[PDB]
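Here the structure is laid out as C-alpha cells; the discussion comes afterwards.
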Amino acid sequence: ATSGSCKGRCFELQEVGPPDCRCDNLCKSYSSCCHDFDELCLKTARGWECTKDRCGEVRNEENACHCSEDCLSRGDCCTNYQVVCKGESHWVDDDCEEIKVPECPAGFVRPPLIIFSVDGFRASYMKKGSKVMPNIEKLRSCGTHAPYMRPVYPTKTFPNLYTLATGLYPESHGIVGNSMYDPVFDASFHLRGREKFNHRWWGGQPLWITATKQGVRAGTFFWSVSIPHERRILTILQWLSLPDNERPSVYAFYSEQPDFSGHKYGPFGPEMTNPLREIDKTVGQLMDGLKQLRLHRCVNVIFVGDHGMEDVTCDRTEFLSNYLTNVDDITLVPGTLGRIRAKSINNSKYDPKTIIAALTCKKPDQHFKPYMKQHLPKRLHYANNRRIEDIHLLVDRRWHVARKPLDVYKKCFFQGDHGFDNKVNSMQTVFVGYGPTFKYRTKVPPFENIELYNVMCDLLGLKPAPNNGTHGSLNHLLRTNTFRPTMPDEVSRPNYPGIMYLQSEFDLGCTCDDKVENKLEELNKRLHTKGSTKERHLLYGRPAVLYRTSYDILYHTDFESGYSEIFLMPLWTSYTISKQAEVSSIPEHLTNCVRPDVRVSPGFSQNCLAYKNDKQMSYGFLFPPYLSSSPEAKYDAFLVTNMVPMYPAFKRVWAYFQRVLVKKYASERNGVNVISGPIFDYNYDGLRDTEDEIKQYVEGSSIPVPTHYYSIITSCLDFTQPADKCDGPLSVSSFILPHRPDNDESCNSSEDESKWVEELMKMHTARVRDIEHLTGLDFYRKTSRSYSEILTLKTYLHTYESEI
Ligand SMILES: *[C@@H]1O[C@H](CO)[C@@H](O[C@@H]2O[C@H](CO)[C@@H](O[C@@H]3O[C@H](CO[C@H]4O[C@H](CO)[C@@H](O)[C@H](O[C@H]5O[C@H](CO)[C@@H](O)[C@H](O)[C@@H]5O[C@H]5O[C@H](CO)[C@@H](O)[C@H](O)[C@@H]5O)[C@@H]4O)[C@@H](O)[C@H](O[C@H]4O[C@H](CO)[C@@H](O)[C@H](O)[C@@H]4O[C@H]4O[C@H](CO)[C@@H](O)[C@H](O)[C@@H]4O)[C@@H]3O)[C@H](O)[C@H]2NC(C)=O)[C@H](O)[C@H]1NC(C)=O
Ligand SMILES: Cc1cc(OCc2n[nH]c3ccccc23)c(C(C)C)cc1Cl
Ligand SMILES: [Ca+2]
Ligand SMILES: [Cl-]
Ligand SMILES: [K+]
Ligand code: NA
Ligand SMILES: [Zn+2]
C-alpha cells in the first residue's frame, strides 16, 4: 500500500523496499508513489521564474522554486534567481572563456557529467534553427562539436538511448526496436505498457550501473512522462547541492521534443520553431542554475540526440497485401522498417523463401527491399539476436511499409517519422561536449554513437564494460583524461617459405599455358619473390593475425599475401595501383590458367578438380590479373595461392570491381593501396568464424566458402601526394560484399555491370574496424600517424550521402 509519506524523501536516489511506498522518480511509472508525492514532490505554485516582487520574499514551502535569501544554501532557487534578484547576467550573455582546468567548489572530487538528451533532434537543426537556439549555439561554438553524429539502426528512440548508455549495438544490448517480440518470452515489448519495465529485456551494462559498481553515484536516467522539464532541471540542481558523500557524479536529462512535434508536423514544419525555442530555454535554465551554484566551469555537459526525423505521410505507404496472397499468414512489425515472421509456429507450411521471392523487384518503383537478416549490410550489425525476425524489409527514406490498408485507417495523423537505415542524412543527430575535459572551440569529424560510452567512462574515471566502441578513437575530443590505447599483440607469426616443391609433386588437376621460358631479369625474378617491391605493395606494414593459426607470407612483383594453410586461401592480399597504372586483359591462352605454387605443399593447396566438379561454384582471384605490371608478372596472378571460390553471379560484381573500379579509384585518388580478402561469418555474429563453424565447402574438398569478400582501399588524404608517397593523414574507403549465388538484391542486374555494381558496393560500405572483427586481423600497424588518429581512421565509414 502507498500509506507512508514523501516528506523529506522527494526524488530520493535509492529505491525503497516494497511494499513501502516510493518517492523516487520511477514511482509514478509503477503506480507505487506515496499518497503525498504530487503535493510535496511536484509543487507548481507560482511557476518557475523569480520576478522582481518575489526577491528577498519570506520563504514559502508551497512554491515550485524560491526567491528568498536562503535559497542558494537550501539549493532550491528558481534558475533565474541571481539574474532577477542580484543583477547577475544569463550564462548565454557571458562571453565564452576557455576552461583550462576544472573550477569546482571544495569537496568536488571530479567534474560531474550531465548528459542532456533530446529526442528527434536532427543534425541540420544546429544550422537551420541557429537563430532561435542561442544557449545551444553557445555550447556548440564554445565547446567541442561534430557536424553530426551517426545513430545505430534502427534509428528509433530506445535502441539509440540504450546504445548511448552501454556502447553496444542493439543486437547485443537486446533493444532491437521500439517494438519487439521475444519468441522465448512469448512476450512483446512496446512504447505503451508495463512490459518494457521488466529488466529481462535490457542486456549489457549501462553507464549508471558501471558507475555504481565502481563507487561513483548516479542520478536517475529514466524520467516519468508526467514530471515537467523545469522540475527535472530543478531536481538535478538540487541533487548537485547534496553533501559530498551523497551527491551523484553523473546526471541525465531527457526531452521528448522536438520528436513529439516532428511526428505531427514534419522535420521543418513551421510548428517546429517553438519546440526548438523551448528546448533552448531549458538548456538556459540548466546553465543559469549551474552558474548560480558556481558549477558552470566545473561540470562537463553533453548535448546529444538519439536520431533525426524524415518527411513521411500516410499516402507514401507500401502494402504487403499488394504483393502477397497469404497476407493473413504473416505478422509484420510495420513502419520505417519491416520485420516479418509467421502468424503461427504450429504451421510448418510457412516458407520464408517464397515470401522473399514474392517481395523481390515486383514493382518498378518499389519503396522497400526484402533481405534475410544474415544478408543485410554488415555495417548495420543487425542480425545476431533472437528478437530480430529472419525476414527484414529495408524501407526507402520518406516511405512506410504496412501489412494491409486497414492498418493505416483502422489503427492522416502524421507528417514525420524515423527508423530508416542509419547512413540516411535525415536520421543523423547531434553531439556537443562542453566543459573542462572537452576541448575549446573545436570541430571534430562525424562519429558513431557507439563510441560515447567509453568517453563518458573516461570523463568519470571509470573502467568501461566490454563494448563495441573502439577506445581511443574519440581521444581527439578531449583536452585531458585520454585513455592510452595500444596495439594488440600479434598472436601468430608468419612462415616465410622458399621454393620447396617440384611441379610434378602436385596433382591438382590444374593446367596453364606457361612453358614459354637471361640473367638481367632472372636475378630480378628471385628479387621480387624475396620481397624487393614489398615497400610498394605493403604500405602500412603487414596486418597482424590476432588468433592462433598457421600461415605463410608470399611475395610477388605486384602483390603480397598472407596465405592461410588452414583455410587454403589468403586471409589478406595487398597491392598498390598508381594513378599511371595500366589495365590489360587476360590473354586468350591464359583464360583457364591455374599454376601450382612451389612454395606451398600440395596438401595445403586448393585444387582445380573440386571446382570442375562443383556445378555451382566457380573461382576468382584476389590480386587481379588485369592489373599485372607486365605480361611476365601476370603469371603470378594465376597461382593456386591467389585463387578463391566465387559463385558465377558474384564474379560479375568482382570482375567489374577489379577491371573497372580499382583503376577509376586510382585515377581519382592519385593511386590506391588495396587489401582484399575473404570473410567467414556463417553464424552472423560479426566475428571471425573458427574452422569448425563453416557450413559450406567447395563440393568434395576442404576448401571453405566465404560468406563475404572485403576490400580496404587507402590513399593520401592530400591527393596531391601519390598513395605510395604520402607524408600525412590517410584516406580510406572499404566494403564487405556478400558472397551470394544470385544478384536478386540488385533489381537492375540484367543490365551491364556499369548500371548496378557500384550501387551495390555503396550499400555495403564498411568500417575497417568491421573488417577487423570479421577477420581477426589488425591493419595499419606501421605508419607515421599516431595510434589515436589510426583508430579514428579505422572507425571511419564512407557513406556516399550528400553534404548535410
Ligand atoms: C560488441 O561487444 C559485445 C560485448 O563485448 C560483444 O558481445 C560479446 O560477445 C562474446 C563472444 O560472443 C560473448 O561471450 C560469451 O558469453 C557467454 C556468457 O553470456 C552471459 O554473460 C555475459 C557476461 O556477463 C553477458 O553479457 C551475456 O549477455 C547476453 O545474454 C543476455 C541474455 O542471456 C542478454 O540480456 C544480453 O543482451 C546478451 O545477449 C547477446 O549476446 C548473446 C551471447 O552471449 C547472444 O546470444 C544474444 O543474441 C545477444 O546478442 C550473457 O548473460 C559465455 O557463456 C560464452 O562462452 C561460450 O562460448 C565461447 C566462444 O564461442 C567459448 O569459448 C566458451 O568456452 C563457451 O562455450 C560453451 O558454451 C556454449 C554456449 O552455451 C556451448 O555451445 C559450447 O558447447 C560450450 O560448452 C561466450 O564467452 C559476450 O557475452 C557478448 N556480450 C554481449 C553483452 O553481447 C559483441 O561480440 C561485439 N560485437 C562485435 C560485432 O564486435
Ligand atoms: C540519456 C538517456 C536517457 C534515457 O531515458 C530517458 C527517458 N526518460 N523518460 C523516457 C520516456 C521515453 C523514452 C526515453 C525516456 C535512457 C533510457 C535507456 C533509460 C538512457 C540514456 Cl543514456
Ligand atoms: Ca562468426
Ligand atoms: Cl521497431
Ligand atoms: K564449378
Ligand atoms: Na537482379
Ligand atoms: Zn519519434
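The chains in the C-alpha cells are called A, B, ... from first to last as shown; in each chain the residues are counted from 1, and the ligands are counted from 1 in the order shown.
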
Selection: 6 Å around segment 44-59 of chain A, only C-alpha atoms, excl. self and same-chain fewer than 4 positions, as an NGL selection string | :A and (63-64 or 67-69 or 78 or 81 or 85)

Using only C-alpha atoms and all ligand atoms, find each protein or nucleic acid residue lying at most 7 Å from ligand 1; present the set as a ChimeraX atom specification.
-> /A:168-169,171-174,200-204,381,384-386,466-468,685-687,773

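Nearest residue to ligand 7 among A:106, A:264, A:240, A:170 is A:264, counting only C-alpha atoms and all ligand atoms.
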
Taking only C-alpha atoms and all ligand atoms into account, produce a table as CSV in which each residue of chain A with an atom at most 7 Å from an atom of ligand 3 appears once, together with its shortest atom pair and the distance in Å to one decimal, ordered by chain and rising number.
```
residue,atom,partner,partner_atom_place_in_ligand_line,distance
A:680,CA,ligand 3,1 (Ca),6.7
A:681,CA,ligand 3,1 (Ca),3.9
A:682,CA,ligand 3,1 (Ca),5.8
A:683,CA,ligand 3,1 (Ca),5.0
A:684,CA,ligand 3,1 (Ca),5.4
A:685,CA,ligand 3,1 (Ca),4.8
A:686,CA,ligand 3,1 (Ca),5.6
A:687,CA,ligand 3,1 (Ca),4.3
A:688,CA,ligand 3,1 (Ca),4.8
A:689,CA,ligand 3,1 (Ca),4.2
```

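Counting only C-alpha atoms, the residue from A:430, A:149, A:594, A:643 that sits nearest to residue 127 of chain A is A:430.
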
Can you build me a table of chain A residues sitting at most 7 Å from ligand 7, with the closest atom pair per residue and its distance in Å to one decimal, using only C-alpha atoms and all ligand atoms, sorted by chain and residue number, as JSON lines?
```
{"residue": "A:120", "atom": "CA", "partner": "ligand 7", "partner_atom_place_in_ligand_line": "1 (Zn)", "distance": 6.1}
{"residue": "A:156", "atom": "CA", "partner": "ligand 7", "partner_atom_place_in_ligand_line": "1 (Zn)", "distance": 6.8}
{"residue": "A:157", "atom": "CA", "partner": "ligand 7", "partner_atom_place_in_ligand_line": "1 (Zn)", "distance": 6.6}
{"residue": "A:259", "atom": "CA", "partner": "ligand 7", "partner_atom_place_in_ligand_line": "1 (Zn)", "distance": 5.0}
{"residue": "A:260", "atom": "CA", "partner": "ligand 7", "partner_atom_place_in_ligand_line": "1 (Zn)", "distance": 6.4}
{"residue": "A:263", "atom": "CA", "partner": "ligand 7", "partner_atom_place_in_ligand_line": "1 (Zn)", "distance": 6.3}
{"residue": "A:417", "atom": "CA", "partner": "ligand 7", "partner_atom_place_in_ligand_line": "1 (Zn)", "distance": 6.2}
{"residue": "A:418", "atom": "CA", "partner": "ligand 7", "partner_atom_place_in_ligand_line": "1 (Zn)", "distance": 6.3}
```

List every residue of chain A that has an atom at most 7 Å from any atom of ligand 2, and for each one report the closest atom pair and its distance in Å to one decimal, counting only C-alpha atoms and all ligand atoms, with rows sorted by chain and then by increasing residue number, as CSV.
```
residue,atom,partner,partner_atom_place_in_ligand_line,distance
A:115,CA,ligand 2,1 (C),5.8
A:116,CA,ligand 2,1 (C),6.6
A:117,CA,ligand 2,1 (C),5.2
A:157,CA,ligand 2,13 (C),6.5
A:158,CA,ligand 2,18 (C),5.8
A:161,CA,ligand 2,20 (C),4.5
A:162,CA,ligand 2,18 (C),4.3
A:164,CA,ligand 2,22 (Cl),4.9
A:165,CA,ligand 2,22 (Cl),3.9
A:221,CA,ligand 2,3 (C),5.0
A:222,CA,ligand 2,8 (N),3.5
A:223,CA,ligand 2,8 (N),3.8
A:224,CA,ligand 2,9 (N),5.4
A:225,CA,ligand 2,9 (N),6.0
A:252,CA,ligand 2,1 (C),5.2
A:253,CA,ligand 2,1 (C),6.3
A:254,CA,ligand 2,6 (C),5.0
```

Point-to-point distance from atom CA of residue 477 of chain A to atom CA of residue 298 of chain A, Å rounded to tenths = 17.3 Å

Residues at most 12 Å from residue 431 of chain A, counting only C-alpha atoms, excluding those fewer than 2 positions away in the same chain, as a ChimeraX atom specification?
-> /A:115-118,121-126,136-137,139-141,143-151,164,301-307,428-429,433-434,443-449,451-452,477

Would you kindly return, as a PDB file with N, CA and C atoms, in the first residue's frame, each protein, DNA or RNA residue with an atom no farther than 7 Å from any atom of residue 400 of chain A, considering only C-alpha atoms and excluding same-chain residues fewer than 6 positions away?
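This is the output file selection-v9.pdb:
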```pdb
ATOM      1  N   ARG A 316       2.386   7.777 -48.619  1.00  0.00           N
ATOM      2  CA  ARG A 316       3.611   7.045 -49.001  1.00  0.00           C
ATOM      3  C   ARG A 316       3.745   5.767 -48.166  1.00  0.00           C
ATOM      4  N   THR A 317       2.749   4.884 -48.298  1.00  0.00           N
ATOM      5  CA  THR A 317       2.767   3.571 -47.682  1.00  0.00           C
ATOM      6  C   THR A 317       2.715   2.456 -48.748  1.00  0.00           C
ATOM      7  N   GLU A 318       3.620   1.480 -48.616  1.00  0.00           N
ATOM      8  CA  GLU A 318       3.598   0.257 -49.399  1.00  0.00           C
ATOM      9  C   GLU A 318       2.820  -0.769 -48.585  1.00  0.00           C
ATOM     10  N   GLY A 335       6.258  -0.020 -40.465  1.00  0.00           N
ATOM     11  CA  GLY A 335       6.617   1.410 -40.345  1.00  0.00           C
ATOM     12  C   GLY A 335       7.781   1.777 -41.248  1.00  0.00           C
ATOM     13  N   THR A 336       8.801   2.411 -40.665  1.00  0.00           N
ATOM     14  CA  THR A 336      10.041   2.792 -41.389  1.00  0.00           C
ATOM     15  C   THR A 336      11.051   1.647 -41.527  1.00  0.00           C
TER      16      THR A 336
END
```
